[PDB]
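Reproduced below: data_37.pdb, with PDB, C-alpha atoms.
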MODEL        1
ATOM      1  CA  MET A   1     101.047 -52.223 -82.816
ATOM      2  CA  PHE A   2     102.562 -53.723 -85.961
ATOM      3  CA  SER A   3     100.851 -50.993 -87.973
ATOM      4  CA  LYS A   4     102.100 -48.429 -85.451
ATOM      5  CA  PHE A   5     105.720 -49.526 -85.891
ATOM      6  CA  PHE A   6     105.614 -48.783 -89.622
ATOM      7  CA  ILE A   7     104.158 -45.338 -88.909
ATOM      8  CA  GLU A   8     107.173 -44.685 -86.686
ATOM      9  CA  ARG A   9     109.392 -45.789 -89.593
ATOM     10  CA  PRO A  10     108.437 -44.077 -92.875
ATOM     11  CA  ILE A  11     111.625 -45.265 -94.569
ATOM     12  CA  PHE A  12     111.022 -48.895 -93.607
ATOM     13  CA  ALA A  13     107.529 -48.887 -95.118
ATOM     14  CA  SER A  14     108.859 -47.118 -98.205
ATOM     15  CA  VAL A  15     111.597 -49.740 -98.598
ATOM     16  CA  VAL A  16     109.011 -52.511 -98.309
ATOM     17  CA  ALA A  17     107.055 -50.729-101.037
ATOM     18  CA  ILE A  18     110.018 -50.460-103.411
ATOM     19  CA  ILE A  19     111.007 -54.080-102.782
ATOM     20  CA  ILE A  20     107.482 -55.231-103.620
ATOM     21  CA  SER A  21     107.434 -53.073-106.753
ATOM     22  CA  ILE A  22     110.781 -54.403-107.984
ATOM     23  CA  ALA A  23     109.704 -57.989-107.339
ATOM     24  CA  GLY A  24     106.598 -57.245-109.389
ATOM     25  CA  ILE A  25     108.710 -55.903-112.239
ATOM     26  CA  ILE A  26     110.760 -59.107-112.239
ATOM     27  CA  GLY A  27     107.669 -61.299-112.067
ATOM     28  CA  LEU A  28     106.007 -59.554-114.989
ATOM     29  CA  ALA A  29     109.196 -59.578-117.058
ATOM     30  CA  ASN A  30     109.573 -63.330-116.556
ATOM     31  CA  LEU A  31     105.923 -64.366-116.777
ATOM     32  CA  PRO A  32     104.654 -65.615-120.170
ATOM     33  CA  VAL A  33     101.474 -64.284-121.777
ATOM     34  CA  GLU A  34      98.508 -66.470-122.757
ATOM     35  CA  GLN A  35      95.203 -65.696-124.432
ATOM     36  CA  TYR A  36      93.481 -68.101-122.036
ATOM     37  CA  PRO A  37      94.595 -70.932-119.753
ATOM     38  CA  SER A  38      95.179 -73.936-122.001
ATOM     39  CA  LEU A  39      92.759 -76.509-120.599
ATOM     40  CA  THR A  40      92.751 -78.265-123.973
ATOM     41  CA  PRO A  41      93.996 -81.872-123.698
ATOM     42  CA  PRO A  42      97.628 -82.377-124.726
ATOM     43  CA  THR A  43      97.968 -84.045-128.115
ATOM     44  CA  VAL A  44     100.571 -86.325-129.682
ATOM     45  CA  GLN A  45     100.380 -86.899-133.436
ATOM     46  CA  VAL A  46     101.622 -89.958-135.337
ATOM     47  CA  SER A  47     102.083 -89.529-139.092
ATOM     48  CA  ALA A  48     102.853 -92.204-141.686
ATOM     49  CA  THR A  49     103.255 -92.087-145.467
ATOM     50  CA  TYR A  50     102.359 -94.874-147.912
TER
ATOM     51  CA  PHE B   1      80.652 -49.928 -87.202
ATOM     52  CA  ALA B   2      77.134 -50.454 -85.855
ATOM     53  CA  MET B   3      78.409 -53.082 -83.409
ATOM     54  CA  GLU B   4      81.120 -50.692 -82.216
ATOM     55  CA  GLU B   5      78.480 -47.974 -81.836
ATOM     56  CA  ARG B   6      76.357 -50.305 -79.708
ATOM     57  CA  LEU B   7      79.427 -51.200 -77.637
ATOM     58  CA  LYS B   8      80.676 -47.646 -77.092
ATOM     59  CA  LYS B   9      77.286 -46.121 -76.213
ATOM     60  CA  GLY B  10      73.881 -47.291 -75.064
ATOM     61  CA  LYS B  11      72.269 -46.378 -78.364
ATOM     62  CA  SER B  12      69.148 -48.362 -79.069
ATOM     63  CA  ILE B  13      69.017 -50.456 -82.209
ATOM     64  CA  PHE B  14      67.515 -47.827 -84.524
ATOM     65  CA  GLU B  15      70.045 -45.139 -83.625
ATOM     66  CA  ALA B  16      73.030 -47.493 -83.705
ATOM     67  CA  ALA B  17      72.092 -48.751 -87.169
ATOM     68  CA  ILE B  18      71.291 -45.346 -88.659
ATOM     69  CA  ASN B  19      74.355 -43.591 -87.233
ATOM     70  CA  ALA B  20      76.599 -46.403 -88.464
ATOM     71  CA  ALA B  21      74.990 -46.119 -91.899
ATOM     72  CA  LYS B  22      75.495 -42.349 -92.069
ATOM     73  CA  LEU B  23      79.107 -42.748 -90.937
ATOM     74  CA  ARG B  24      79.675 -45.398 -93.614
ATOM     75  CA  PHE B  25      77.904 -43.571 -96.450
ATOM     76  CA  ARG B  26      80.932 -41.510 -97.472
ATOM     77  CA  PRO B  27      83.551 -44.310 -97.840
ATOM     78  CA  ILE B  28      81.169 -46.687 -99.606
ATOM     79  CA  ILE B  29      80.156 -44.032-102.122
ATOM     80  CA  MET B  30      83.823 -43.215-102.724
ATOM     81  CA  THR B  31      84.596 -46.838-103.585
ATOM     82  CA  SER B  32      81.395 -47.276-105.591
ATOM     83  CA  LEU B  33      81.981 -44.203-107.764
ATOM     84  CA  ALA B  34      85.715 -44.866-108.033
ATOM     85  CA  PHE B  35      85.493 -48.280-109.616
ATOM     86  CA  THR B  36      82.243 -47.384-111.333
ATOM     87  CA  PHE B  37      84.356 -45.059-113.435
ATOM     88  CA  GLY B  38      87.076 -47.711-113.316
ATOM     89  CA  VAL B  39      84.886 -50.244-115.141
ATOM     90  CA  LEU B  40      83.182 -47.598-117.300
ATOM     91  CA  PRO B  41      85.778 -47.968-120.107
ATOM     92  CA  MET B  42      85.306 -51.739-119.883
ATOM     93  CA  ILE B  43      81.585 -51.650-120.697
ATOM     94  CA  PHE B  44      82.248 -49.019-123.393
ATOM     95  CA  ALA B  45      85.400 -50.742-124.668
ATOM     96  CA  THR B  46      85.862 -51.037-128.433
ATOM     97  CA  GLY B  47      88.301 -52.879-130.669
ATOM     98  CA  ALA B  48      89.927 -56.270-130.317
ATOM     99  CA  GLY B  49      87.868 -58.620-128.175
ATOM    100  CA  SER B  50      85.235 -55.930-127.693
ATOM    101  CA  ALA B  51      82.376 -58.360-127.047
ATOM    102  CA  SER B  52      84.165 -60.050-124.138
ATOM    103  CA  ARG B  53      84.894 -56.729-122.441
ATOM    104  CA  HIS B  54      81.317 -55.550-122.972
ATOM    105  CA  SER B  55      79.972 -58.789-121.490
ATOM    106  CA  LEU B  56      82.136 -58.497-118.385
ATOM    107  CA  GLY B  57      81.595 -54.779-117.804
ATOM    108  CA  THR B  58      77.826 -54.987-118.174
ATOM    109  CA  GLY B  59      77.495 -57.408-115.272
ATOM    110  CA  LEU B  60      80.124 -55.590-113.220
ATOM    111  CA  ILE B  61      78.370 -52.229-113.472
ATOM    112  CA  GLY B  62      74.871 -53.616-112.962
ATOM    113  CA  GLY B  63      75.762 -55.602-109.867
ATOM    114  CA  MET B  64      77.657 -52.704-108.335
ATOM    115  CA  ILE B  65      74.859 -50.224-109.061
ATOM    116  CA  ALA B  66      72.243 -52.415-107.412
ATOM    117  CA  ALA B  67      74.569 -53.014-104.470
ATOM    118  CA  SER B  68      75.073 -49.286-103.915
ATOM    119  CA  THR B  69      71.350 -48.620-104.369
ATOM    120  CA  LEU B  70      69.720 -51.346-102.272
ATOM    121  CA  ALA B  71      72.265 -53.083-100.045
ATOM    122  CA  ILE B  72      73.491 -49.934 -98.288
ATOM    123  CA  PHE B  73      69.919 -49.122 -97.268
ATOM    124  CA  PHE B  74      69.074 -52.731 -96.434
ATOM    125  CA  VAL B  75      72.035 -53.778 -94.268
ATOM    126  CA  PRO B  76      71.111 -51.483 -91.331
ATOM    127  CA  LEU B  77      67.624 -53.001 -91.387
ATOM    128  CA  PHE B  78      69.099 -56.493 -91.201
ATOM    129  CA  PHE B  79      71.329 -55.484 -88.289
ATOM    130  CA  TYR B  80      68.228 -54.104 -86.575
ATOM    131  CA  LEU B  81      66.293 -57.321 -87.208
ATOM    132  CA  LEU B  82      69.132 -59.511 -85.937
ATOM    133  CA  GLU B  83      69.547 -57.486 -82.749
ATOM    134  CA  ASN B  84      65.788 -57.590 -82.147
ATOM    135  CA  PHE B  85      65.853 -61.370 -82.583
ATOM    136  CA  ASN B  86      68.743 -61.534 -80.114
ATOM    137  CA  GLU B  87      66.581 -59.607 -77.651
ATOM    138  CA  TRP B  88      63.805 -62.145 -78.237
ATOM    139  CA  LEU B  89      66.206 -64.958 -77.325
ATOM    140  CA  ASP B  90      67.157 -63.210 -74.077
ATOM    141  CA  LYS B  91      63.506 -63.046 -72.988
TER
ATOM    142  CA  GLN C   1     134.274 -60.241-146.229
ATOM    143  CA  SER C   2     136.197 -63.327-147.362
ATOM    144  CA  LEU C   3     133.200 -65.609-147.809
ATOM    145  CA  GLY C   4     130.686 -65.472-150.633
ATOM    146  CA  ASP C   5     126.920 -65.354-150.343
ATOM    147  CA  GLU C   6     126.527 -69.137-150.177
ATOM    148  CA  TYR C   7     128.723 -69.516-147.091
ATOM    149  CA  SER C   8     126.816 -68.802-143.867
ATOM    150  CA  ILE C   9     128.536 -68.464-140.499
ATOM    151  CA  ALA C  10     127.656 -70.309-137.299
ATOM    152  CA  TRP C  11     128.981 -70.402-133.747
ATOM    153  CA  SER C  12     129.528 -72.995-131.040
ATOM    154  CA  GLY C  13     130.546 -73.328-127.419
ATOM    155  CA  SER C  14     131.690 -70.306-125.455
ATOM    156  CA  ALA C  15     131.527 -68.068-128.522
ATOM    157  CA  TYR C  16     127.927 -69.100-129.193
ATOM    158  CA  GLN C  17     126.946 -68.482-125.579
ATOM    159  CA  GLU C  18     128.584 -65.043-125.599
ATOM    160  CA  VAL C  19     126.904 -64.082-128.878
ATOM    161  CA  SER C  20     123.469 -65.268-127.726
ATOM    162  CA  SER C  21     123.803 -63.852-124.199
ATOM    163  CA  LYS C  22     120.698 -61.860-123.281
ATOM    164  CA  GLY C  23     122.600 -59.597-120.876
ATOM    165  CA  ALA C  24     120.115 -60.079-118.031
ATOM    166  CA  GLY C  25     123.024 -60.723-115.661
ATOM    167  CA  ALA C  26     124.057 -57.069-115.530
ATOM    168  CA  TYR C  27     120.482 -55.986-114.817
ATOM    169  CA  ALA C  28     120.231 -58.598-112.064
ATOM    170  CA  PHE C  29     123.495 -57.347-110.550
ATOM    171  CA  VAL C  30     122.445 -53.692-110.577
ATOM    172  CA  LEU C  31     119.111 -54.661-109.028
ATOM    173  CA  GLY C  32     121.014 -56.535-106.326
ATOM    174  CA  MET C  33     122.967 -53.348-105.680
ATOM    175  CA  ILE C  34     119.653 -51.484-105.449
ATOM    176  CA  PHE C  35     118.394 -54.069-102.958
ATOM    177  CA  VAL C  36     121.551 -53.574-100.892
ATOM    178  CA  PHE C  37     120.963 -49.821-100.892
ATOM    179  CA  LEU C  38     117.327 -50.222 -99.838
ATOM    180  CA  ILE C  39     118.151 -52.692 -97.060
ATOM    181  CA  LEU C  40     120.798 -50.364 -95.645
ATOM    182  CA  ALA C  41     118.420 -47.399 -95.850
ATOM    183  CA  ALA C  42     115.728 -49.344 -94.001
ATOM    184  CA  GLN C  43     117.874 -50.193 -90.974
ATOM    185  CA  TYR C  44     119.607 -46.816 -90.872
ATOM    186  CA  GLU C  45     116.311 -44.902 -91.242
ATOM    187  CA  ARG C  46     118.021 -42.590 -93.719
ATOM    188  CA  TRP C  47     118.134 -42.111 -97.479
ATOM    189  CA  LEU C  48     121.780 -40.952 -97.504
ATOM    190  CA  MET C  49     123.679 -43.137 -95.027
TER
ATOM    191  CA  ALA D   1     101.308 -39.065 -92.011
ATOM    192  CA  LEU D   2     104.149 -37.958 -94.281
ATOM    193  CA  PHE D   3     101.887 -36.510 -97.005
ATOM    194  CA  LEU D   4      98.820 -35.099 -95.237
ATOM    195  CA  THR D   5      98.162 -31.542 -94.062
ATOM    196  CA  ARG D   6      96.142 -31.190 -90.877
ATOM    197  CA  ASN D   7      92.910 -29.197 -91.120
ATOM    198  CA  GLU D   8      92.649 -28.850 -94.887
ATOM    199  CA  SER D   9      91.090 -25.521 -95.846
ATOM    200  CA  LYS D  10      90.433 -23.179 -98.782
ATOM    201  CA  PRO D  11      88.534 -25.711-100.933
ATOM    202  CA  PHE D  12      87.641 -25.015-104.542
ATOM    203  CA  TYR D  13      84.054 -24.112-105.380
ATOM    204  CA  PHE D  14      83.299 -27.165-107.531
ATOM    205  CA  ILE D  15      84.467 -29.677-104.922
ATOM    206  CA  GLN D  16      82.462 -27.708-102.357
ATOM    207  CA  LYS D  17      79.439 -28.083-104.636
ATOM    208  CA  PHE D  18      80.027 -31.835-104.786
ATOM    209  CA  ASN D  19      80.544 -31.879-101.019
ATOM    210  CA  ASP D  20      77.239 -30.035-100.583
ATOM    211  CA  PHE D  21      75.624 -32.497-102.983
ATOM    212  CA  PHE D  22      77.224 -35.243-100.898
ATOM    213  CA  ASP D  23      75.771 -33.782 -97.692
ATOM    214  CA  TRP D  24      72.297 -33.555 -99.226
ATOM    215  CA  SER D  25      72.741 -37.167-100.342
ATOM    216  CA  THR D  26      73.716 -38.129 -96.789
ATOM    217  CA  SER D  27      70.610 -36.447 -95.377
ATOM    218  CA  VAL D  28      68.378 -38.157 -97.945
ATOM    219  CA  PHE D  29      70.100 -41.475 -97.223
ATOM    220  CA  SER D  30      69.526 -40.972 -93.502
ATOM    221  CA  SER D  31      65.819 -40.356 -94.108
ATOM    222  CA  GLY D  32      65.699 -43.391 -96.380
ATOM    223  CA  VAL D  33      67.389 -45.633 -93.829
ATOM    224  CA  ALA D  34      64.966 -44.182 -91.291
ATOM    225  CA  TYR D  35      61.919 -45.364 -93.222
ATOM    226  CA  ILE D  36      63.710 -48.653 -93.949
ATOM    227  CA  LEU D  37      64.222 -49.192 -90.213
ATOM    228  CA  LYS D  38      60.745 -48.032 -89.176
ATOM    229  CA  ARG D  39      59.037 -50.501 -91.538
ATOM    230  CA  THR D  40      60.661 -53.937 -91.812
ATOM    231  CA  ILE D  41      57.998 -56.361 -93.066
ATOM    232  CA  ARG D  42      57.448 -54.582 -96.380
ATOM    233  CA  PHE D  43      61.114 -54.373 -97.359
ATOM    234  CA  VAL D  44      61.831 -57.906 -96.148
ATOM    235  CA  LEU D  45      59.039 -59.032 -98.474
ATOM    236  CA  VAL D  46      60.607 -56.897-101.208
ATOM    237  CA  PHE D  47      63.905 -58.702-100.591
ATOM    238  CA  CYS D  48      62.206 -62.098-100.934
ATOM    239  CA  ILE D  49      60.502 -60.934-104.145
ATOM    240  CA  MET D  50      64.025 -59.909-105.158
TER
ATOM    241  CA  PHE E   1      90.655 -58.626-116.173
ATOM    242  CA  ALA E   2      90.829 -59.715-112.535
ATOM    243  CA  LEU E   3      93.545 -57.111-111.921
ATOM    244  CA  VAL E   4      91.863 -54.237-113.784
ATOM    245  CA  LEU E   5      88.879 -55.036-111.574
ATOM    246  CA  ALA E   6      91.031 -55.472-108.446
ATOM    247  CA  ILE E   7      92.033 -51.827-108.858
ATOM    248  CA  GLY E   8      88.652 -51.296-107.213
ATOM    249  CA  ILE E   9      89.584 -53.462-104.236
ATOM    250  CA  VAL E  10      93.022 -51.952-103.655
ATOM    251  CA  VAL E  11      91.765 -48.360-103.545
ATOM    252  CA  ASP E  12      88.964 -49.280-101.131
ATOM    253  CA  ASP E  13      91.075 -50.113 -98.075
ATOM    254  CA  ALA E  14      93.301 -47.055 -98.427
ATOM    255  CA  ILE E  15      90.172 -44.957 -98.947
ATOM    256  CA  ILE E  16      88.564 -46.097 -95.692
ATOM    257  CA  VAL E  17      91.861 -45.717 -93.831
ATOM    258  CA  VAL E  18      92.559 -42.180 -95.039
ATOM    259  CA  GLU E  19      88.928 -41.141 -94.560
ATOM    260  CA  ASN E  20      89.052 -42.230 -90.924
ATOM    261  CA  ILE E  21      92.359 -40.414 -90.388
ATOM    262  CA  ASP E  22      90.825 -37.315 -91.981
ATOM    263  CA  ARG E  23      87.823 -37.559 -89.662
ATOM    264  CA  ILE E  24      90.045 -37.955 -86.587
ATOM    265  CA  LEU E  25      92.118 -34.904 -87.518
ATOM    266  CA  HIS E  26      89.256 -32.612 -88.517
ATOM    267  CA  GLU E  27      86.878 -33.557 -85.697
ATOM    268  CA  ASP E  28      89.431 -33.533 -82.860
ATOM    269  CA  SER E  29      91.580 -30.530 -81.992
ATOM    270  CA  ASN E  30      95.243 -30.643 -80.956
ATOM    271  CA  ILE E  31      95.927 -34.024 -82.584
ATOM    272  CA  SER E  32      99.194 -34.624 -84.410
ATOM    273  CA  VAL E  33      98.862 -36.493 -87.697
ATOM    274  CA  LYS E  34     100.908 -39.463 -86.490
ATOM    275  CA  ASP E  35      98.712 -39.990 -83.429
ATOM    276  CA  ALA E  36      95.576 -39.526 -85.532
ATOM    277  CA  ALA E  37      96.803 -42.236 -87.898
ATOM    278  CA  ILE E  38      97.564 -44.626 -85.042
ATOM    279  CA  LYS E  39      94.163 -43.890 -83.474
ATOM    280  CA  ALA E  40      92.234 -44.527 -86.681
ATOM    281  CA  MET E  41      94.273 -47.666 -87.320
ATOM    282  CA  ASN E  42      93.644 -49.184 -83.894
ATOM    283  CA  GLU E  43      89.953 -48.383 -84.347
ATOM    284  CA  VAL E  44      89.747 -49.877 -87.857
ATOM    285  CA  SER E  45      92.290 -52.715 -87.634
ATOM    286  CA  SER E  46      89.885 -55.590 -86.996
ATOM    287  CA  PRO E  47      87.566 -54.487 -89.854
ATOM    288  CA  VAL E  48      90.256 -54.571 -92.556
ATOM    289  CA  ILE E  49      91.752 -57.916 -91.530
ATOM    290  CA  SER E  50      88.215 -59.279 -91.408
TER
ENDMDL
END
Would you write out, as structure tokens, the structure that this file holds?
Amino acid sequence: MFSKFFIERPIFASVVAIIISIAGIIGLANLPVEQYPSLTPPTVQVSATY
Amino acid sequence: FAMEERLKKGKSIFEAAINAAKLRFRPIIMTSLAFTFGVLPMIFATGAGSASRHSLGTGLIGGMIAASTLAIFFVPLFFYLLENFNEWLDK
Amino acid sequence: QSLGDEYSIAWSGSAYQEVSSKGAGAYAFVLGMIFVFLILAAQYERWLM
Amino acid sequence: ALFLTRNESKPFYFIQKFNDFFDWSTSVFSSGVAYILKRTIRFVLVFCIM
Amino acid sequence: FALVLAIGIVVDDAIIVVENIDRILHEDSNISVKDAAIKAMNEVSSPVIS
């Protein structure tokens, strides 16, 4: 019946669609880009000069 | 679909399986061809990181092709075998 | 105009924040307006109400 | 429901050709599934070899 | 890569849905598109969620 309700309401399904699309736009605009997930161990370097 | 066919009508195992398979042929071939051509650029991809894309697309296309070739034919047979075994249990 | 080449300007506080503002606030506000429009359209089952 | 026309008609020749190819494929697939169902031991053994 | 492969998954469900609606309309006479959609959806609901 839940599917049926949306069929009775084209505008409601359309609005859900546009909301999802806009949320996707925001998510992609905010999300950073990586070549690959950085599983490399974090490193901390200590440097001294003599 | 075969289980629904067996529920809706008193089709024996052979007819249920084969009619379900013929009903399903069209959608499955649509999906298979659709993302066949979807991954076709991937296996034929050129440029930056070409080798990675080739490696992924090769396996994608091969697995899908064998699925569409063998599994569609085979699944009705396995449904038939399972229903026959169920009949054996009833006896 | 007044300064020579050696002098280089810099900003601080409110002026710095205004200069470096990315302007995403206006886009967020207009998208909130769009969300309001869509929510109203959904309940009213119309694209003009 | 918003963007479908009931009883689509007047198809183009090329899509009809593909649809006829599709129907021939369906008939061949039905015959294939028929011989797959009739004989089970051989193709089960093929699957194990697989 | 997962998304440019998921394009295959997303089209699949809509394809089966619309194909079943098309079958309901073409096979059965005097069926409005909305009722055909609801019929196909109640028939195919359990499959897709599965």
All residues 10 Å or closer to residue 34 (chain D), all atoms listed in the file, same chain fewer than 2 positions away omitted, as a PDB file with C-alpha atoms, in the coordinates of the input:
ATOM      1  CA  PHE B  14      67.515 -47.827 -84.524  1.00  0.00           C
ATOM      2  CA  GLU B  15      70.045 -45.139 -83.625  1.00  0.00           C
ATOM      3  CA  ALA B  17      72.092 -48.751 -87.169  1.00  0.00           C
ATOM      4  CA  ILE B  18      71.291 -45.346 -88.659  1.00  0.00           C
ATOM      5  CA  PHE B  73      69.919 -49.122 -97.268  1.00  0.00           C
ATOM      6  CA  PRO B  76      71.111 -51.483 -91.331  1.00  0.00           C
ATOM      7  CA  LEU B  77      67.624 -53.001 -91.387  1.00  0.00           C
TER       8      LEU B  77
ATOM      9  CA  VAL D  28      68.378 -38.157 -97.945  1.00  0.00           C
ATOM     10  CA  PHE D  29      70.100 -41.475 -97.223  1.00  0.00           C
ATOM     11  CA  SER D  30      69.526 -40.972 -93.502  1.00  0.00           C
ATOM     12  CA  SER D  31      65.819 -40.356 -94.108  1.00  0.00           C
ATOM     13  CA  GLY D  32      65.699 -43.391 -96.380  1.00  0.00           C
ATOM     14  CA  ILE D  36      63.710 -48.653 -93.949  1.00  0.00           C
ATOM     15  CA  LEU D  37      64.222 -49.192 -90.213  1.00  0.00           C
ATOM     16  CA  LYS D  38      60.745 -48.032 -89.176  1.00  0.00           C
ATOM     17  CA  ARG D  39      59.037 -50.501 -91.538  1.00  0.00           C
TER      18      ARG D  39
END
Once the PyMOL selection byres ((chain A) within 9 of (chain C)) is applied to the coordinates I shared, what remains selected? I want it as a PyMOL selection string. chain A and resi 9-16+18-19+22
Written selection (C-alpha atoms) as a short mmCIF file (atom, residue, chain, number, x, y, z; two decimals), in the coordinates of the input:
data_model
loop_
_atom_site.label_atom_id
_atom_site.label_comp_id
_atom_site.auth_asym_id
_atom_site.auth_seq_id
_atom_site.Cartn_x
_atom_site.Cartn_y
_atom_site.Cartn_z
CA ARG A 9 109.39 -45.79 -89.59
CA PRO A 10 108.44 -44.08 -92.88
CA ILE A 11 111.62 -45.26 -94.57
CA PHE A 12 111.02 -48.90 -93.61
CA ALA A 13 107.53 -48.89 -95.12
CA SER A 14 108.86 -47.12 -98.20
CA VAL A 15 111.60 -49.74 -98.60
CA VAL A 16 109.01 -52.51 -98.31
CA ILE A 18 110.02 -50.46 -103.41
CA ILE A 19 111.01 -54.08 -102.78
CA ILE A 22 110.78 -54.40 -107.98
#
For chain E, work out the contacting residues on chain B at 7 Å, counting only C-alpha atoms, and write them as a VMD selection string. chain B and resid 27 31 35
Need the shell around residue 34 (chain E): protein/DNA/RNA residues with any atom at most 8 Å away, counting only C-alpha atoms. Skip same-chain ones fewer than 3 positions apart. Format as a short mmCIF file (atom, residue, chain, number, x, y, z; two decimals) with C-alpha atoms, in the frame of the given file?
data_model
loop_
_atom_site.label_atom_id
_atom_site.label_comp_id
_atom_site.auth_asym_id
_atom_site.auth_seq_id
_atom_site.Cartn_x
_atom_site.Cartn_y
_atom_site.Cartn_z
CA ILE A 7 104.16 -45.34 -88.91
CA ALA D 1 101.31 -39.06 -92.01
CA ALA E 37 96.80 -42.24 -87.90
CA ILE E 38 97.56 -44.63 -85.04
#
Would you mind listing what lies within 12 Å of region 46-54 of chain B as a PyMOL selection string, with only C-alpha atoms counted and same-chain residues fewer than 4 positions away left out? (chain A and resi 35) or (chain B and resi 39-42+58-61) or (chain E and resi 1-2+4-5)
Each residue of chain E with at least one atom at most 12 Å from chain D should appear once, together with its nearest atom pair and the corresponding distance in Å (one decimal); atoms considered: all atoms listed in the file; ordering: chain, then increasing residue number; output as a Markdown table.
| residue | atom | partner | partner_atom | distance |
| --- | --- | --- | --- | --- |
| E:17 | CA | D:1 | CA | 11.7 |
| E:18 | CA | D:4 | CA | 9.5 |
| E:19 | CA | D:4 | CA | 11.6 |
| E:21 | CA | D:1 | CA | 9.2 |
| E:22 | CA | D:6 | CA | 8.2 |
| E:23 | CA | D:7 | CA | 9.9 |
| E:24 | CA | D:6 | CA | 10.1 |
| E:25 | CA | D:6 | CA | 6.4 |
| E:26 | CA | D:7 | CA | 5.6 |
| E:27 | CA | D:7 | CA | 9.2 |
| E:28 | CA | D:7 | CA | 10.0 |
| E:29 | CA | D:7 | CA | 9.3 |
| E:30 | CA | D:6 | CA | 10.0 |
| E:31 | CA | D:6 | CA | 8.8 |
| E:32 | CA | D:6 | CA | 7.9 |
| E:33 | CA | D:1 | CA | 5.6 |
| E:34 | CA | D:1 | CA | 5.5 |
| E:35 | CA | D:1 | CA | 9.0 |
| E:36 | CA | D:1 | CA | 8.7 |
| E:37 | CA | D:1 | CA | 6.9 |
| E:38 | CA | D:1 | CA | 9.7 |
| E:40 | CA | D:1 | CA | 11.9 |
At what distance in Å, to one decimal, does CA of residue 19 (chain C) lie from CA of residue 33 (chain A)? 26.4 Å
Rank nothing, just name the residue among B:3, B:21, B:33, B:16 nearest to chain D, using all atoms listed in the file.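 Of all the options, B:21 lies closest to chain D.
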Expected axis-aligned box over every listed atom of region 30-37 of chain D, 5 Å added per side, centre plus edges in Å to one decimal, as JSON:
{"center_x": 65.7, "center_y": -44.8, "center_z": -93.3, "size_x": 17.6, "size_y": 18.8, "size_z": 16.2}
Calculate how many Å separate CA of residue 31 (chain A) from CA of residue 27 (chain C), rounding to one decimal.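 These atoms are spaced 16.9 Å apart.
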How would you write, as a ChimeraX atom specification, the residues chosen by the ChimeraX specification (/E :<9) & /A on this structure? /A:1,3-4,7-8
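From CA of residue 35 (chain D) back to CA of residue 5 (chain B), the distance works out to 20.3 Å.
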Define the interface residues of chain B facing chain D as those within 12 Å, counting all atoms listed in the file, and report them as a PDB file with C-alpha atoms, keeping the file's coordinate frame.
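File produced: iface_21.pdb:
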ATOM      1  CA  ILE B  13      69.017 -50.456 -82.209  1.00  0.00           C
ATOM      2  CA  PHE B  14      67.515 -47.827 -84.524  1.00  0.00           C
ATOM      3  CA  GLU B  15      70.045 -45.139 -83.625  1.00  0.00           C
ATOM      4  CA  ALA B  16      73.030 -47.493 -83.705  1.00  0.00           C
ATOM      5  CA  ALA B  17      72.092 -48.751 -87.169  1.00  0.00           C
ATOM      6  CA  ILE B  18      71.291 -45.346 -88.659  1.00  0.00           C
ATOM      7  CA  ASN B  19      74.355 -43.591 -87.233  1.00  0.00           C
ATOM      8  CA  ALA B  20      76.599 -46.403 -88.464  1.00  0.00           C
ATOM      9  CA  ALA B  21      74.990 -46.119 -91.899  1.00  0.00           C
ATOM     10  CA  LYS B  22      75.495 -42.349 -92.069  1.00  0.00           C
ATOM     11  CA  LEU B  23      79.107 -42.748 -90.937  1.00  0.00           C
ATOM     12  CA  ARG B  24      79.675 -45.398 -93.614  1.00  0.00           C
ATOM     13  CA  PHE B  25      77.904 -43.571 -96.450  1.00  0.00           C
ATOM     14  CA  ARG B  26      80.932 -41.510 -97.472  1.00  0.00           C
ATOM     15  CA  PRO B  27      83.551 -44.310 -97.840  1.00  0.00           C
ATOM     16  CA  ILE B  28      81.169 -46.687 -99.606  1.00  0.00           C
ATOM     17  CA  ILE B  29      80.156 -44.032-102.122  1.00  0.00           C
ATOM     18  CA  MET B  30      83.823 -43.215-102.724  1.00  0.00           C
ATOM     19  CA  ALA B  66      72.243 -52.415-107.412  1.00  0.00           C
ATOM     20  CA  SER B  68      75.073 -49.286-103.915  1.00  0.00           C
ATOM     21  CA  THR B  69      71.350 -48.620-104.369  1.00  0.00           C
ATOM     22  CA  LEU B  70      69.720 -51.346-102.272  1.00  0.00           C
ATOM     23  CA  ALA B  71      72.265 -53.083-100.045  1.00  0.00           C
ATOM     24  CA  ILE B  72      73.491 -49.934 -98.288  1.00  0.00           C
ATOM     25  CA  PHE B  73      69.919 -49.122 -97.268  1.00  0.00           C
ATOM     26  CA  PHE B  74      69.074 -52.731 -96.434  1.00  0.00           C
ATOM     27  CA  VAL B  75      72.035 -53.778 -94.268  1.00  0.00           C
ATOM     28  CA  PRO B  76      71.111 -51.483 -91.331  1.00  0.00           C
ATOM     29  CA  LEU B  77      67.624 -53.001 -91.387  1.00  0.00           C
ATOM     30  CA  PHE B  78      69.099 -56.493 -91.201  1.00  0.00           C
ATOM     31  CA  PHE B  79      71.329 -55.484 -88.289  1.00  0.00           C
ATOM     32  CA  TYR B  80      68.228 -54.104 -86.575  1.00  0.00           C
ATOM     33  CA  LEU B  81      66.293 -57.321 -87.208  1.00  0.00           C
ATOM     34  CA  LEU B  82      69.132 -59.511 -85.937  1.00  0.00           C
ATOM     35  CA  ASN B  84      65.788 -57.590 -82.147  1.00  0.00           C
TER      36      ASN B  84
END
